[PDB]
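Accompanying notes for the structure given below.
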Amino acid sequence: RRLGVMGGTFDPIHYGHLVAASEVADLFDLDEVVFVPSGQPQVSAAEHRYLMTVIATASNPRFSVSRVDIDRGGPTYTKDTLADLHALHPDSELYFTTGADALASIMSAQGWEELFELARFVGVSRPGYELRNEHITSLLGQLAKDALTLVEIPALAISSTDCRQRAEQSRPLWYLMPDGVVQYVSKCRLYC
Amino acid sequence: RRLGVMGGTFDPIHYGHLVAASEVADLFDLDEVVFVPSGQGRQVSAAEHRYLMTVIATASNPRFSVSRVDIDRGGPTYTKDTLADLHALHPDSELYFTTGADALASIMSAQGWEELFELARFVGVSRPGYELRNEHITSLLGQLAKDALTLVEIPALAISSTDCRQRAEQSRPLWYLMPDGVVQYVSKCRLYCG
């Protein structure tokens, strides 16, 4: 039984995140994808980010949201995320998924060997990421061997950064994310 | 009332189309965007299929609607016909024709574009880094330096109809690339070889 773990800030979550989750679940025949909003940060309150993710993933039986990073403590380390989730899901083979840029930083930290005993890794990026970052890709691939995969997601052209700025400038967020998330951003006035 | 006109094949329609329509409606304070599937590529889905997908996808939005003027008129679609018909249906309205930047280039590069500008204003939408042909770049540039045409960039148009079709052919998920209703419609009707 294979379990996907998508680690992100989700500030806000959008269709790029959701497409990426579906793609990864299909490419590796995952039975479920657990969305884990990170604790550590500026960044919206963890509850806002948690609720937005609950709203966006609710209607999908194969998506779920975990509070392991939010509840644990100050700074979020992927080794912690995987440790907690390994305990909750000892059955499951973990496929940790996040931005290719974040993954580069995560693998470059102390105890990266500890990471490979806990999970397989999937870096996601918007199109043409290997051209702009040919060395990060080259180093990631070579360190992890076939314990890591980089996949390109056209929909990740949608970014949390653009979403936030559209909200700041009162430009519509329709069809970039579920209406529920759009309204949540509005109702809580998340980005001024 | 300022009326948006989204001309496309919509085979299939997706969030890229919908984001672009939303953006253009906001940029030009449009009161409504009318989606017009073209009449009728190796094969293109039947017009009714493309119409229903567009109806499904735009339904929940009070400011979107779908027209059959191109579908019903005849075989091949001319924008001048589309603009003629919709002006008759909305004589009050100032028409804002919106389509793919590549398509807009072609429309402008064919005889009688001068005939078009009296009927509507034009908006080309494109995905970032979109590699147009050269005769299209030249055609857009000329109109751009005269400020007779507007181009807006839509990150969400990185989602394309071609990739959706291929994902459907290869039984790869279309979730969150388009509304579930359109996802299911493609499936239920087996639109791209299942």
Side-chain angles (χ1 to χ4, degrees), chain A residues 166 169-176 179 182, chain B residues 1-39 50-73 77-108 113 115-127 130 140 143-144 147-157 159 161 178-179 182:
Chain A
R166 291 182 74 82
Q169 304 163 24
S170 299
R171 306 183 47 198
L173 289 170
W174 304 121
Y175 305 109
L176 294 170
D179 276 24
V182 177
Chain B
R1 47 207 76 193
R2 293 163 94 178
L3 192 63
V5 178
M6 269 273 295
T9 303
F10 308 118
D11 192 22
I13 189 171
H14 52 68
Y15 280 140
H17 296 104
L18 299 168
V19 168
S22 294
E23 178 77 316
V24 168
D26 172 77
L27 290 182
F28 298 98
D29 187 66
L30 307 181
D31 299 290
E32 173 181 352
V33 178
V34 184
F35 286 70
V36 188
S38 81
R50 294 183 289 109
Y51 174 74
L52 287 185
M53 279 188 301
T54 308
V55 169
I56 290 170
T58 61
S60 64
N61 194 332
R63 286 205 178 179
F64 291 170
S65 61
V66 194
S67 180
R68 304 184 50 98
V69 288
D70 287 350
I71 294 172
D72 286 345
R73 176 183 317 108
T77 301
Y78 297 111
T79 304
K80 61 187 175 183
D81 299 331
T82 303
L83 294 180
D85 293 352
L86 292 179
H87 253 326
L89 295 172
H90 305 71
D92 282 346
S93 284
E94 183 182 8
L95 296 187
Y96 285 72
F97 186 81
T98 307
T99 189
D102 57 334
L104 192 49
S106 298
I107 291 170
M108 294 293 180
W113 56 85
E115 307 308 324
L116 293 170
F117 284 82
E118 295 181 347
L119 283 183
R121 289 178 181 274
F122 294 84
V123 180
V125 294
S126 61
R127 74 180 132 269
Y130 180 72
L140 292 170
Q143 304 297 342
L144 264 186
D147 283 279
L149 178 157
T150 314
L151 293 182
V152 317
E153 183 182 289
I154 311 293
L157 278 180
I159 303 165
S161 296
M178 59 181 66
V182 186

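The analysis underlying the following values was restricted to heavy atoms, covering all of them including side chains, and did not include hydrogens, waters or symmetry mates. Per chain, numbering begins at 1; letters A, B, ... match sequence-line order.
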For residues [X] and [Y], report the shortest heavy-atom separation together with the two atoms involved.
X	Y	result
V152(B)	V24(B)	CG2-CG2, 4.1 Å
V33(B)	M6(B)	CG1-CG, 3.7 Å
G4(B)	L30(B)	CA-CD1, 3.6 Å
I159(B)	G16(B)	CD1-N, 4.5 Å
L104(B)	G124(B)	CD2-N, 3.3 Å
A148(B)	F117(B)	O-CE2, 3.0 Å

*Does one side chain, of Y96(B) or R2(B), offer a donor that lies under 3.5 Å from an acceptor on the other?*
yes
*Check the pair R121(B), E94(B) against salt bridge (charged side-chain N to carboxylate O under 4.0 Å, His left out), reporting the backbone distance first and the verdict last.*
CA-CA 8 Å; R121(B) 289 178 181 274; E94(B) 183 182 8; 3.5 Å; yes
Just verifying a value: how many Å separate [X] [atom1] and [Y] [atom2], rounded to the nearest 0.5 Å?
X	Y	atom1	atom2	result
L119(B)	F97(B)	CG	CZ	11.5 Å
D102(B)	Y130(B)	CG	OH	4.0 Å
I154(B)	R127(B)	CD1	CZ	12.0 Å
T79(B)	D70(B)	OG1	CG	8.0 Å
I13(B)	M178(B)	CD1	CE	9.0 Å
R166(A)	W174(A)	CZ	CH2	12.5 Å

Return yes if some donor-acceptor pair links the side-chain N/O of [X] with the main-chain N/O of [Y] below 3.5 Å, else return no.
X	Y	result
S67(B)	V36(B)	no
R50(B)	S38(B)	yes
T99(B)	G7(B)	yes
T150(B)	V123(B)	no

Whether over 12 other heavy atoms sit under 6.0 Å from [X] [atom1]:
X	atom1	answer
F28(B)	CZ	yes
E118(B)	CD	no
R73(B)	CZ	yes

With heavy-atom distances below 4.5 Å as the criterion, would you say the side chains of [X] and [Y] are in contact?
X	Y	value
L18(B)	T58(B)	yes
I107(B)	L116(B)	yes
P37(B)	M53(B)	no
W113(B)	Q143(B)	yes
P179(B)	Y15(B)	yes
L151(B)	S126(B)	no
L89(B)	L86(B)	yes
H14(B)	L157(B)	yes

